[PDB]
Every structure is written in C-alpha cells, then in structure tokens.
Amino acid sequence: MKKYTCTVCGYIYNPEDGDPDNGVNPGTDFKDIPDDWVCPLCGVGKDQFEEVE
Ligand code: NI
C-alpha cells in the first residue's frame with residue numbers, strides 16, 4: 001500500500017501505521033478510509049491528499 005501526503009501541511013498518512021486515534025486501524029488503504037476523515041495535523045479533507053509515487 002502507498003503512502004499519501006496532505007498537500008496543505010505535509011502530514012504523511014502511512015497505511016502500516018494508520019490513524020488509530022481517529023478510528024483508522026493499521027493496515028488501512030487510503031481509499032478505504034471513511035470519506036469524512038480529516039488530516040490529524042491541519043484538519044483538511046482527503047481531497048487535498050496526493051499519492052506518493
Ligand atoms: Ni494536513
């Protein structure tokens with residue numbers, strides 16, 4: 001699974017770590033994160049995140 005970066009603040013979503021405190025368990029594909037989830041650091045939505053190739 002790919003990392004994704006918040007292009008407003010630079011936060012790196014790492015699948016292998018997830019975001020457990022907001023309910024996204026380790027092992028979760030960015031695409032499967034609930035679409036109401038917001039960047040933990042800056043609060044913007046998935047739509048500002050870009051795949052890291
Ligand atoms: Ni952010």
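Residue 1 is the first one shown; counting continues down the chain.
Placed from the backbone N, Cα and C atoms, the Cβ positions cover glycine too.
What Swiss-Prot records for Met1 is N-formylmethionine, and it gives experimental evidence as the kind of evidence. What Swiss-Prot lists as Fe cation binding site is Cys6, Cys9, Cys39, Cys42, and the listing cites experimental evidence.
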Cβ atoms near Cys9 (Fe cation binding site) (within 10 Å, other residues, all chains): 13
Taking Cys39, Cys42 as the binding-site residues to compare, which has the smallest set of other Cβ atoms within 10 Å? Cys42
Among all chains shown, work out which of the recorded positions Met1, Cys6 has the most CB atoms within 10 A of its CB. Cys6
Can you tell me whether DSSP puts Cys6 (Fe cation binding site) in helix, strand or coil? strand
Residues within 8 Å of the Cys6, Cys9, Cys39, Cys42 Cβ centre (excluding the Fe cation site residues themselves): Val8, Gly10, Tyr11, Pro40, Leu41, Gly43, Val44, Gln48
What Cα-Cα separation, expressed in whole Å, is found between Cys9 (Fe cation binding site) and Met1 (N-formylmethionine)? 21
May I ask for the distance between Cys39 (Fe cation binding site) and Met1 (N-formylmethionine), taken between their Cα atoms and rounded to an integer number of Å? 18
